[PDB]
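Q: Before anything else, here's the structure in question.
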There are 2 protein chains.
Amino acid sequence: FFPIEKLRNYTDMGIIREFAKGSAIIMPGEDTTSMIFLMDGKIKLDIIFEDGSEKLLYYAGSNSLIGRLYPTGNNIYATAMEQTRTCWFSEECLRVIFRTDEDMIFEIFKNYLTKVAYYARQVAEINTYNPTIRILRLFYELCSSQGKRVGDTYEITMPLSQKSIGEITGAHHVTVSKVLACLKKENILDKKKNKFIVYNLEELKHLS
Amino acid sequence: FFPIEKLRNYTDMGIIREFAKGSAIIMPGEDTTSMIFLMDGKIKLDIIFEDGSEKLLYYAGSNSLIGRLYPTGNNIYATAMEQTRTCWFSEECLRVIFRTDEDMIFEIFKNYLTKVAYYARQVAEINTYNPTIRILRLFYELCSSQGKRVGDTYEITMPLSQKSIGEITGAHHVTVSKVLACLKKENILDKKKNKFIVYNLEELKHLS
């Protein structure tokens with residue numbers, strides 16, 4: 001939640017906007033330009049990916065500070081959980097605040113510093129290790145049952161999206177992409193759209 | 001990488017420190033109080049959790065701004081990849097960069113704000129323990145691309161141990177066993193040894 005009490009002290013300079021339960025406060029595909037100080041209530045912010053699929057991003061709460069001040073490659077979609085009162089802070093507004101009171105620059109900066117730490121930790125905590133073994137297993141398995149030695153190699157005539165792959169192994173699309181890529185590099189296998197071609201069943205199996 | 005060019009403009013106010021390849025630039029359990037502006041080179045950040053397990057966290061490179069000005073909850077351990085030249089910015093140092101120039105407040109804001117956008121997306125992008133939605137997914141995938149419409153039904157001539165199935169989805173032989181069995185009595189599919197027969201591809205795809 002990452003509160004900034006010290007900011008209540010200034011909402012009297014921002015613009016106050018007030019949202020009923022259910023009301024959309026940030027819209028998908030919209031160009032945000034204000035810090036949104038959450039004086040009271042609760043907000044759900046869902047992210048919407050390049051493929052229309054939605055997914056929760058975070059809840060914000062009292063004294064929380066949301067919002068693109070500049071476009072952040074994220075389509076968001078925020079909603080009010082309860083009756084929520086916000087104070088909107090423009091850049092222009094923010095400047096004045098800082099001039100009365102310069103310590104405020106640093107609490108906005110603390111705020112953000114923890115925010116990065118906190119999510120950065122949790123990426124790092126994602127266990128990318130099994131789910132990588134699991135991926136290979138999938139390919140060996142597919143291969144040694146569907147695979148068709150074509151000369152040196154083995155072919156499978158199998159559509160298989162990275163999505164499907166992550167969906168099947170529970171592996172992050174990043175892992176999926178990077179695991180793929182360096183399997184291709186090291187000559188073990190390469191996946192086309194219609195076909196994967198295996199270059200080294202001996203080794204594939206070896207990493208599992 | 002998350003650069004801030006506009007900060008090379010102010011190294012002259014910071015204190016410049018220069019680290020050779022392999023040099024440590026944060027020791028573990030080292031309480032940091034200065035933003036670190038990476039002028040040229042490369043830096044390795046590993047996080048160390050409460051249980052002494054290390055992991056990579058990120059690489060930082062030219063114009064990158066690493067550092068905490070405050071405690072974050074993360075034990076970090078940073079290392080030089082090549083010879084690298086950093087400028088270190090205190091809070092006290094920073095306050096002065098922001099009076100000369102108030103436009104650099106917002107740059108540090110934009111920056112961290114991207115960084116927060118970036119990591120959070122990554123957390124949202126992720127694939128809540130499933131493990132049973134995983135299994136089905138597999139079977140739909142196999143089935144629609146490998147099945148031959150045999151009258152009412154679709155067959156796939158495909159050895160598939162339950163061992164292989166848990167190995168792939170990282171699901172427990174029980175879960176597998178139980179997920180299989182009830183798929184049989186609810187008429188969606190049964191799996192023989194050489195062969196699985198899909199009674200109801202319409203439903204399979206639904207259960208996912």
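All of this is worked out from the model, or read from it or from the source named; nothing here is a laboratory result. Note: ideal-geometry Cβ built from the backbone for every residue, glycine included; neighbour counts use all protein chains shown.
Q: Considering each of B:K191, B:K185 in turn, give the residue that is surrounded by fewer than 17 Cβ atoms within 10 Å (Cβ to Cβ) and more than 7 Å from chain A (Cβ to nearest Cβ).
A: Details: B:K191 fails: surrounded by fewer than 17 Cβ atoms within 10 Å (Cβ to Cβ).
One residue alone meets the criteria, B:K185.
Q: All but one of (1) closer than 30 Å to A:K6 by Cα; (2) touching a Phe, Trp or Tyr at 6+ places or on another chain (Cβ under 7 Å); (3) away from chain B (no Cβ under 12 Å); (4) surrounded by fewer than 15 Cβ atoms within 10 Å (Cβ to Cβ) hold for A:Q83; state the number of the condition that does not hold.
A: A:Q83 satisfies all of (1) closer than 30 Å to A:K6 by Cα; (2) touching a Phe, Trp or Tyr at 6+ places or on another chain (Cβ under 7 Å); (3) away from chain B (no Cβ under 12 Å); (4) surrounded by fewer than 15 Cβ atoms within 10 Å (Cβ to Cβ) except (2).
Q: Still on this structure, I have one more. Provide a single number: the residues in the range B:134-148 that are crowded, with 17+ Cβ neighbours inside 10 Å and either assigned by CATH to the domain that holds B:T33 or among the polar types (S, T, N, Q) (or both).
A: The first filter runs over the range B:134-148 and keeps only residues crowded, with 17+ Cβ neighbours inside 10 Å, leaving B:134-143, B:146-147.
From what's left, either assigned by CATH to the domain that holds B:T33 or among the polar types (S, T, N, Q) (or both): B:146.
Summing the residues that are crowded, with 17+ Cβ neighbours inside 10 Å and either assigned by CATH to the domain that holds B:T33 or among the polar types (S, T, N, Q) (or both) in the range B:134-148 gives 1.
Q: Could you list, ordered by first residue, the pairs with Cβ atoms under 7 Å in which the first is in the range B:72-94 and of a type in the set (K, R) and the second is part of a loop (DSSP other than H, G, I, E, B), at least 6 apart or interchain?
A: Here the result reads B:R85/B:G41, each pair linking the range B:72-94 to a residue that is part of a loop (DSSP other than H, G, I, E, B).
Q: Another question about this same structure. Residue under question is A:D31, and the condition is that it be closer than 22 Å to B:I105 by Cβ, surrounded by fewer than 15 Cβ atoms within 10 Å (Cβ to Cβ) and either under 25 Å from the mean Cα position of the chain (by Cα) or outside the structural domain of A:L113 (by CATH) (or both); does it hold? Walk me through how you get there before you give the answer.
A: Numbers: closer than 22 Å to B:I105 by Cβ: yes; surrounded by fewer than 15 Cβ atoms within 10 Å (Cβ to Cβ): yes; either under 25 Å from the mean Cα position of the chain (by Cα) or outside the structural domain of A:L113 (by CATH) (or both): yes.
Against the criterion (closer than 22 Å to B:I105 by Cβ, surrounded by fewer than 15 Cβ atoms within 10 Å (Cβ to Cβ) and either under 25 Å from the mean Cα position of the chain (by Cα) or outside the structural domain of A:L113 (by CATH) (or both)), A:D31 qualifies.
Q: Oh, and also: Hey, B:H173 hits all of (1) within 12 Å of chain A (Cβ to nearest Cβ); (2) at negative phi; (3) within 29 Å of the chain's Cα centre (by Cα) but one; which does it fall short on?
A: (1)
Q: Same structure, new question: How about the range A:104-208: which strands (runs of 3 or more DSSP E) wholly inside it have at least 3 residues that are more than 30 Å from B:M35 (Cβ to Cβ) and not aromatic (F, W, Y)? Please lay out each step first, then the result.
A: Details: elements: A:148-150, A:153-156, A:189-191, A:196-198.
By residue number, A:148-150, A:153-156, A:189-191.
Q: Next up: Hey, among the residues in the range B:6-28 that are over 25 Å from B:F109 (Cα atoms) and either surrounded by fewer than 16 Cβ atoms within 10 Å (Cβ to Cβ) or within 14 Å of another protein chain (Cβ to nearest Cβ) (or both), which one's nearest to the chain's Cα centre (by Cα)? Let's see the steps before the verdict.
A: Going residue by residue through the range B:6-28, those that are over 25 Å from B:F109 (Cα atoms) are B:18-24, B:27-28.
Imposing the further condition that a residue be either surrounded by fewer than 16 Cβ atoms within 10 Å (Cβ to Cβ) or within 14 Å of another protein chain (Cβ to nearest Cβ) (or both) reduces the set to B:18, B:20-24, B:27-28.
Numbers: B:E18: 30, B:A20: 29, B:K21: 27, B:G22: 25, B:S23: 27, B:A24: 25, B:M27: 24, B:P28: 22 Å.
Only one residue tops the list, namely B:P28.
Q: Does the range A:149-160 hold any residues that are surrounded by fewer than 20 Cβ atoms within 10 Å (Cβ to Cβ) and within 9 Å of chain B (Cβ to nearest Cβ), and which are they? Talk me through it step by step, then tell me what you get.
A: Within the range A:149-160, the first condition is being surrounded by fewer than 20 Cβ atoms within 10 Å (Cβ to Cβ), and the residues that meet it are A:149-153, A:155, A:157-159.
The answer is A:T157, A:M158, A:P159.
Q: So which strands (runs of 3 or more DSSP E) are wholly in the range A:1-83 and hold at least 1 residues that are in contact with a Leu (Cβ under 9 Å, 6 or more places away or on another chain)? Spell out the reasoning first.
A: On the way: elements: A:15-19, A:24-26, A:35-40, A:43-48, A:54-60, A:64-66, A:76-80.
Answer list for the range A:1-83: A:24-26, A:35-40, A:43-48, A:54-60, A:64-66, A:76-80.
Q: Okay, moving on. Would you confirm whether or not the range A:88-98 contains a residue that is assigned to a helix (DSSP H, G or I), facing chain B (nearest Cβ under 10 Å) and not hydrophobic (A, V, I, L, M, F, W, C)? Even if it seems obvious, please write down each step before you answer.
A: Going residue by residue through the range A:88-98, those that are assigned to a helix (DSSP H, G or I) are A:91-98.
In the following step, the residues that additionally are facing chain B (nearest Cβ under 10 Å) were identified as A:91, A:94-95, A:98.
Narrowing further to those that are not hydrophobic (A, V, I, L, M, F, W, C): A:91, A:95.
Taking every residue of the range A:88-98 in turn, at least one turns out to be assigned to a helix (DSSP H, G or I), facing chain B (nearest Cβ under 10 Å) and not hydrophobic (A, V, I, L, M, F, W, C).
Q: Sticking with this one: When the range B:66-80 is examined, which residues are found to be within 21 Å of B:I16 (Cα to Cα), buried (at least 17 other Cβ atoms within 10 Å of the Cβ) and within 11 Å of chain A (Cβ to nearest Cβ)? Write out each step before concluding.
A: Step one: list which residues in the range B:66-80 are within 21 Å of B:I16 (Cα to Cα), which gives B:66-70, B:76-80.
Checking the rest, the ones that are also buried (at least 17 other Cβ atoms within 10 Å of the Cβ) come to B:66-69, B:76-80.
Matches in the range B:66-80: B:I66, B:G67, B:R68, B:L69, B:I76.
Q: Take A:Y119 and decide whether it is more than 8 Å from chain B (Cβ to nearest Cβ), without any contact (Cβ under 8 Å) to a residue 12 or more places away in the chain and either buried (at least 21 other Cβ atoms within 10 Å of the Cβ) or aromatic (F, W, Y) (or both).
A: On the way: more than 8 Å from chain B (Cβ to nearest Cβ): no; without any contact (Cβ under 8 Å) to a residue 12 or more places away in the chain: yes; either buried (at least 21 other Cβ atoms within 10 Å of the Cβ) or aromatic (F, W, Y) (or both): yes.
Against the criterion (more than 8 Å from chain B (Cβ to nearest Cβ), without any contact (Cβ under 8 Å) to a residue 12 or more places away in the chain and either buried (at least 21 other Cβ atoms within 10 Å of the Cβ) or aromatic (F, W, Y) (or both)), A:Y119 does not qualify.
Q: State the number of residues belonging to the range A:161-170 that are under 21 Å from B:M158 (Cβ atoms) and either aromatic (F, W, Y) or within 7 Å of chain B (Cβ to nearest Cβ) (or both). Reasoning before the result, please.
A: The first filter runs over the range A:161-170 and keeps only residues under 21 Å from B:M158 (Cβ atoms), leaving A:161, A:164-165, A:167-169.
Remaining after also requiring either aromatic (F, W, Y) or within 7 Å of chain B (Cβ to nearest Cβ) (or both): A:164, A:167-169.
Total satisfying the criteria: 4.
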